[PDB]
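Worksheet: one structure, shown below.
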Amino acid sequence: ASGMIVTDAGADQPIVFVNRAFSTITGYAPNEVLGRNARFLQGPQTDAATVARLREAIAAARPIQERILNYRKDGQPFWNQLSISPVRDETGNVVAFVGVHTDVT
Amino acid sequence: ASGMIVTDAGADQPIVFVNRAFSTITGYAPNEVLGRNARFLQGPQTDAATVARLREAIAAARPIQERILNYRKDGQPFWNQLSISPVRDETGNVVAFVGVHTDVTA
Ligand SMILES: Cc1cc2nc3c(=O)[nH]c(=O)nc-3n(C[C@H](O)[C@H](O)[C@H](O)COP(=O)(O)O)c2cc1C
Ligand SMILES: Cc1cc2nc3c(=O)[nH]c(=O)nc-3n(C[C@H](O)[C@H](O)[C@H](O)COP(=O)(O)O)c2cc1C
């Protein structure tokens, strides 16, 4: 099953919602991630260039997909196939971001 | 501000998340809507042909935009500029639906 992360659009894109599969994949319960930026999933072997592409895409509200090394709550690394898209209203304002992720280890 | 509704993909699309603007626009608190299909926003002056287009688009997981007459919790009508899109994983599976809505009553 594919995880889903919804964040606010501004400040530092705090997580406001995760689905069941997010917890299955990452080992984190919703209560311990809500209000945090999803970058806590990253760790020592995460590719910095991949992180920088995500950072630029979110800043510009551009859709992006990456395969990124993430870490479960218990510290185990896994390959996360991640897609992020902005959610926009009719006037083009960004309301939220939505991420979908799949463990492709 | 623009409301956002997230629903499950399956089983008549129950609401799983709303943002604060959803409550400002509709008068419903999250507790009052979680687990329900968003059609409780409709009422007797809602255009049946618009509802049909929504029904067919959601069943097909096709993005759709419509202006639809909706009703606040206490019954006040408002025009809802609504856009609904599926959320897909890399294999194309629909994970959720996301709706963004604005009160465009003149
Ligand atoms: C909706 C959404 C979902 C995200 N999901 C993930 C994720 O699953 N894994 C990850 O490493 N980063 C994820 N990110 C990216 C980080 O939150 C952050 O944007 C990224 O690391 C770049 O920013 P930084 O350089 O400030 O950390 C997500 C971001 C958004 C907006
Ligand atoms: C994510 C999402 C958000 C929705 N938001 C609204 C809304 O704001 N107003 C509305 O009248 N219907 C909304 N709907 C549409 C109804 O939930 C429903 O799909 C539509 O009325 C057609 O179905 P029916 O004939 O089975 O009621 C939304 C649906 C989804 C999936």
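A short reminder: the numbers here are calculations on the coordinates, not readings from a lab. So basically every Cβ, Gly included, is an ideal-geometry build from the backbone, and we count neighbours across all protein chains shown.
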key: In the range B:68-106, the residues that are free of Cβ contacts under 8 Å to residues at least 60 places away in the same chain and under 11 Å from the mean Cα position of the chain (by Cα)   = B:68, B:70, B:80, B:81, B:82, B:83, B:84, B:85
Search result, residues across the range A:1-53 that are near ligand 1 (Cβ under 8 Å from one of its atoms), buried (at least 21 other Cβ atoms within 10 Å of the Cβ) and among the small types (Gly, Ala, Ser) = A:3, A:38
inquiry  = Can you say whether residue B:25 is within 14 Å of another protein chain (Cβ to nearest Cβ), assigned to a strand (DSSP E or B) and touching a residue at least 12 places away in the same chain (Cβ under 8 Å), as far as the supplied structure shows?
reply    = no
query = Among the residues of the range B:28-44 satisfying the criterion of being of a type in the set (A, V, I, L, M, F, W, C) and away from every other protein chain (no Cβ under 14 Å), which is farthest from ligand 2 (Cβ to nearest atom)?
reply = B:29
remark   = Of the residues in the range A:54-74, those that are away from every other protein chain (no Cβ under 14 Å) and either in a strand (DSSP E or B) or surrounded by fewer than 17 Cβ atoms within 10 Å (Cβ to Cβ) (or both) come to A:55, A:56, A:59, A:60, A:62, A:69, A:70, A:71, A:72, A:73, A:74
request  = Could you tell me whether any residue of the range A:75-98 is away from chain B (no Cβ under 13 Å), in a loop (DSSP other than H, G, I, E, B) and away from ligand 2 (no atom under 16 Å from the Cβ)?
outcome  = yes
ask   = What single numbered condition from (1) among the small types (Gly, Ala, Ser); (2) farther than 24 Å from residue B:92 by Cα; (3) touching a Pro at 6+ places or on another chain (Cβ under 6 Å) fails to hold for residue A:61?
value = (2)
